[PDB]
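Undergrad: Got a structure here, written out as structure tokens. Questions coming.
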Amino acid sequence: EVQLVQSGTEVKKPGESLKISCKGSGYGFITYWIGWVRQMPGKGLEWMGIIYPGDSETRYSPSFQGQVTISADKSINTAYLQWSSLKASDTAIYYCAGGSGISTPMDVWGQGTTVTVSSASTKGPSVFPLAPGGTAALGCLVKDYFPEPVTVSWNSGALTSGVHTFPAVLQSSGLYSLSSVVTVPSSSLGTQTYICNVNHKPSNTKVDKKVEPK
Amino acid sequence: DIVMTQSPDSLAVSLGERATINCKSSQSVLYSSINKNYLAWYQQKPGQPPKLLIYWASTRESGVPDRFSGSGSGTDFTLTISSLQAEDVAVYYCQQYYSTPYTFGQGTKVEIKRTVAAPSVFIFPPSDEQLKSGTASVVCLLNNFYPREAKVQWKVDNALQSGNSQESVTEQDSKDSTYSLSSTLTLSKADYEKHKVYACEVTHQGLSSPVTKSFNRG
């Protein structure tokens, strides 16, 4: 059995250096050549480089030739990918994958690491209500938070039917915001209570918002 | 470098019908000696690392069902699915492990075709707790519609607004195979109380005339 685990997600400012650890375990990791691949938030996949512990890290992409340095430490079987200096475009998810030889497909993958570069500070969100043919819409607007992500559930999780939580959108100020919505029959609009439980772990904030029309 | 282009940017097919994806190469990925091509296919679903689905253009992996069959050789390759099921909605890539550096494909999202559905449009005025903060944000919501391609336009006193609203769409709903859209118009308090009426205008192929739903301030 072959596995690959990556380090925790990272938040930084443009300028510093950082590194991702990709550790391998299982029967016969020795033969596996590890490649790195980036997935920018909106776009798709793109191959950065490949390296074999034991150092034949010869292969890079021309697009990523001058940007980053990769490496490996055979002793602990991990493998790293390095950055001299970050920019705002470096915010992406990064995976390490394994193939058994030079010209082989990447059969086994890692969990992936999210990196965020912003020059912005961590701040707790602000929640606001979204109150109104028997299809009354409700919602919560979670505004101006950083960094990602937040977890929003409804009514303590009891209610699930018709709930939509949109992906975050990075705004002008460099902070995120998203909205959750649920449609309910008009007949329940005073009788039943609606509370959205947003959770933002980086700011350690837990907010419950009761939405009501008037 | 060898560049690969997948044929359909967006591809929508009904349930149980076959789908077709193709890849093309400026060079050849076939080593004549062993007659084996060096092209793989991966699948990835939203919020999860990509999983390999085919190696050498025809060989599957341990978890890959017999419904997925690779094909082609040389410079045209085809990923064919015999019967599209609900769990197979994902984005597929094709890469080459022939000559380094290695390259991935553009991407091919697979929707589930369904009878065209009209959005349930709702309009939300900004909260009073947000006005005390200093900025107002009007929200326009589109609920349960197909296809995904729809567009909304903001009007303040029927003055066209642009570049001030940011959009956000959901993934294809697994149960009813539909989407939802939220457009957030962020504005300042002083400018919000300078005008009277606020309107969001929706256009979609599922509606004969553009639907506009709007609120008057107060």
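Here, A, B, ... name the chains of the structure tokens in the order displayed, residue numbers run from 1 inside each chain, and ligands are numbered from 1 in the same displayed order.
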Within 9 Å of chain A, which residues of chain B show up when using only C-alpha atoms, listed as a PyMOL selection string?

TA: chain B and resi 38-40+48-53+55-56+61+93+95-107+120+122-130+139+141+143+166-171+180-182

Undergrad: Which residues are close to residue A:159, i.e. within 10 Å by only C-alpha atoms, leaving aside same-chain residues fewer than 5 positions away? Reply as a compact mmCIF listing (two decimals) with C-alpha atoms, in the first residue's frame.

TA:
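What follows is the written file result_18.txt:
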```
# COMPACT_ATOMS: atom_id res chain seq x y z
CA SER A 153 -25.16 25.34 8.31
CA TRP A 154 -28.81 25.95 8.92
CA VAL A 182 -32.91 28.25 1.66
CA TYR A 194 -34.41 30.09 11.11
```

Undergrad: Quick one: everything within 6 Å of stretch 5-13 of chain B, counting only C-alpha atoms, minus sequence neighbours fewer than 4 positions away in the same chain. Send it as a PyMOL selection string.

TA: chain B and resi 22-24+105+108-113

Undergrad: Could you write out the selected residues, including C-alpha atoms, as a short mmCIF file (atom, residue, chain, number, x, y, z; two decimals), in the first residue's frame?

TA:
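Output contents, as saved in out00.cif:
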```cif
data_model
loop_
_atom_site.label_atom_id
_atom_site.label_comp_id
_atom_site.auth_asym_id
_atom_site.auth_seq_id
_atom_site.Cartn_x
_atom_site.Cartn_y
_atom_site.Cartn_z
CA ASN B 22 -10.84 13.75 -27.42
CA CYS B 23 -7.24 14.89 -27.02
CA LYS B 24 -4.78 16.06 -29.66
CA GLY B 105 -5.42 19.18 -20.81
CA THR B 108 -13.96 18.93 -19.65
CA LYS B 109 -16.83 19.36 -17.20
CA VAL B 110 -19.74 16.96 -17.71
CA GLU B 111 -23.23 18.24 -16.98
CA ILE B 112 -26.39 16.11 -16.91
CA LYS B 113 -28.83 17.13 -19.62
#
```

Undergrad: Hey, can you check how far atom CA of residue A:78 sits from atom CA of residue A:98?

TA: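 That distance, rounded to one decimal, is 12.3 Å.
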
Undergrad: Just the residues within 6 Å of residue B:78, please, counting only C-alpha atoms, with nothing from its chain fewer than 6 positions along; format it as a PDB file with N, CA, C and O atoms, in the first residue's frame.

TA:
```pdb
ATOM      1  N   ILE B  21     -14.919  12.518 -25.336  1.00  0.00           N
ATOM      2  CA  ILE B  21     -13.861  13.497 -25.129  1.00  0.00           C
ATOM      3  C   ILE B  21     -12.675  13.068 -25.978  1.00  0.00           C
ATOM      4  O   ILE B  21     -12.403  11.870 -26.114  1.00  0.00           O
ATOM      5  N   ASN B  22     -11.975  14.039 -26.560  1.00  0.00           N
ATOM      6  CA  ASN B  22     -10.839  13.748 -27.417  1.00  0.00           C
ATOM      7  C   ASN B  22      -9.663  14.631 -27.030  1.00  0.00           C
ATOM      8  O   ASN B  22      -9.846  15.751 -26.546  1.00  0.00           O
ATOM      9  N   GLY B  70     -11.168   3.661 -22.757  1.00  0.00           N
ATOM     10  CA  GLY B  70     -10.301   4.506 -23.552  1.00  0.00           C
ATOM     11  C   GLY B  70     -10.149   4.023 -24.988  1.00  0.00           C
ATOM     12  O   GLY B  70     -10.367   2.856 -25.311  1.00  0.00           O
ATOM     13  N   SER B  71      -9.641   4.892 -25.824  1.00  0.00           N
ATOM     14  CA  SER B  71      -9.497   4.613 -27.207  1.00  0.00           C
ATOM     15  C   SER B  71      -8.585   5.567 -27.896  1.00  0.00           C
ATOM     16  O   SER B  71      -8.149   6.514 -27.349  1.00  0.00           O
ATOM     17  N   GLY B  72      -8.409   5.294 -29.159  1.00  0.00           N
ATOM     18  CA  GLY B  72      -7.586   6.056 -30.058  1.00  0.00           C
ATOM     19  C   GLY B  72      -6.131   5.672 -30.032  1.00  0.00           C
ATOM     20  O   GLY B  72      -5.708   4.895 -29.229  1.00  0.00           O
TER      21      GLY B  72
END
```

Undergrad: Which of these residues is nearest to residue B:20, using only C-alpha atoms: B:203, B:63, B:69, B:144?

TA: B:69
